[PDB]
Every structure is written in C-alpha cells, then in structure tokens.
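Following: one structure in structure tokens, then a few remarks.
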Protein chains: 2
Amino acid sequence: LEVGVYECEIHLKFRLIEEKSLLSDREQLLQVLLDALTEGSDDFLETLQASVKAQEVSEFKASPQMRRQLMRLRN
Amino acid sequence: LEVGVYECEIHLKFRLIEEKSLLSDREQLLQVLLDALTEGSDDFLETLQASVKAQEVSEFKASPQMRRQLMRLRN
C-alpha cells in the first residue's frame, strides 16, 4: 500500500455533446466535463489532443495538509 | 433538453498522493487521475494551475458518430 506524491499535468482538448443546462454553472463546469471524460462514449465525446504526465516528487513539495496525510498513511 | 456541441480544453497541474500500484498501467492512468480530481480531497490533492474552457461550436465540427448522436437526440 506504498503511496507517493506525484506532480501531475493533464492537457486535453476534446469535443463534447452536452445538455446546455449542465454547462452554465461555473462551479460545476469542470466536474461535468470530468464526468463525460470518465464515461468516454464515442457517441458523445471526441478526444482531439491528450497529454497526461505523472512524476513522483519528494514529499517536501506537498502541502501541509498533504504531508500530514502522508504521515497518517505511512503509520 | 437542448444539447450543443462544445469544443473544450482542460489544462490542470496538481500534486496528488496516490498508491503506486494505481499509476503503473498506461491505459488506466488518466482515469485514476480523473477519479482523484473528482474526489477533490484536500488531504490528497492540491490543484496548482487550472484552465477550463468550453465553447459552443457548429455541429459540422463533430465526428460522424457524434453528428448521428445529435440527430438521434434532436428527434
């Protein structure tokens, strides 16, 4: 159950069919898009460009809250 | 139940605590990251940079499969 701290970068461009009423709320917009990305249906979504990076970094780079979580998990 | 075709762009940089065994499969890596983004726990995740864009475009830009889906939904 080895964990690490990863610095991660996602860059995605894509076309999506969606209901208009689901895209009008600034606070829920990303989640609506993540949900479609997760579904990954070729009837609704076309991924145009994707770059996904995840690199382990030293835990000193983590936030205080995350460094506490790391101690909690390792002990 | 008005739908549109949206051209969308997500650019996210973030640090994540995750189990190592969950990040070693190229085909599941993005989904593992989307799942953490969806959870959005401050004990595990720190969002460093976020850019989220979604713009309605003409449906002629959609894939054949998506244009068929659009007809299916509008009728």
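Positions of Cβ are backbone-derived with ideal geometry, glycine not excepted, and every protein chain shown enters the neighbour counts. Just so it is clear, none of the values below were taken in a lab; they were calculated from the coordinates.
Filter segment B:21-60 for residues that are of a type in the set (S, T, Y), more than 20 Å from A:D35 (Cβ to Cβ) and within 9 Å of chain A (Cβ to nearest Cβ) and give the result.
Keep residues of segment B:21-60 that are of a type in the set (S, T, Y), which gives B:21, B:24, B:38, B:41, B:47, B:51, B:58.
With the extra rule that they be more than 20 Å from A:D35 (Cβ to Cβ), the set shrinks to B:21, B:24, B:58.
Hit for segment B:21-60 is B:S21, nothing else.
In segment B:29-52, the residues that are farther than 20 Å from A:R26 by Cβ reach residues that are among the basic types (K, R) and assigned to a strand (DSSP E or B) with C-beta atoms within less than 7 angstrom, at least six apart or across chains, in these pairs: B:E46/B:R15.
The single condition among (1) in a helix (DSSP H, G or I); (2) loosely packed, with under 12 Cβ neighbours inside 10 Å; (3) touching a strand residue (DSSP E or B) at 6+ places or on another chain (Cβ under 8 Å) that A:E27 does not meet is (3). Residues in segment A:61-75 that are more than 9 Å from chain B (Cβ to nearest Cβ) and under 13 Å from B:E46 (Cα atoms): A:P64, A:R67.
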